[PDB]
């Protein structure tokens, strides 16, 4: 947290961010990997997989209904608020997230790309129909599509499935125009999300990583703040706002 870092952010021409589950940990939502990580307890192959869903839809839906209620009842934390503020200040141009929660939106973020879908979305397994929910469904019974005759599924992307072409393309266009990218709360192992910060770097841009742990991205991160996103982003945006207020215009 030096003056060079604050300058890099405050004077950026097109700053973007890539966030992961770590930015929602301080809202009481568990991460997937690391301490208390969901994948250290549960098995992805049995809960977040198309095969697992076809094998036991009730088991998968009960788990997601639980995840949904938790997220819908959680509140955005200081990290979410900071990203929203950085956007309000006109510094953050776009926020790309791997999170399926809607905490960035509830904090006020306007330009958000959801690479892996959203828990607010439910879609049909057969026909092209999807919609958003206000609260979690009760399981059983299994959610069915009213349009046709098939089951509904959470509108998130599971391992092995393809991200919507337009979603990845939009995210790529954003990082291709960015000179600075803040990468917060992500383990940097899941693709293609993990490759996005590399585009910024290969283009001569700067990477600012915020994570209490080192990741595969750390070696190339211009700055890597070993702390919690809530504390780090709050202080960061506070300093950035002060810097911007001093600008002669």
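Positions refer to the first chain, counted from 1.
Mean CA B-factor, 185-193 versus 211-219: the higher value falls on 211-219. According to the PDB record, 37-45 carries the higher mean C-alpha B-factor of the two stretches 60-68 and 37-45. Per the PDB entry, 130 shows the highest C-alpha temperature factor of the residues 135, 118, 130, 77. Ranking 224, 27, 31, 51 by the C-alpha B-factor listed in the PDB entry places 51 at the top. Compared with the other modelled residues of the chain, the Cα B-factor recorded for residue 146 ranks in the highest third. Compared with the other modelled residues of the chain, the Cα B-factor recorded for residue 99 ranks in the lowest third.
In this PDB entry, residue 153 carries a Cα temperature factor that places it within the middle third of its chain's modelled residues. Ranked against the other modelled residues of its chain, the C-alpha B-factor of residue 166 as given in the entry falls in the highest third. Looking at the C-alpha B-factors along this chain, the one for residue 15 belongs to the lowest third.
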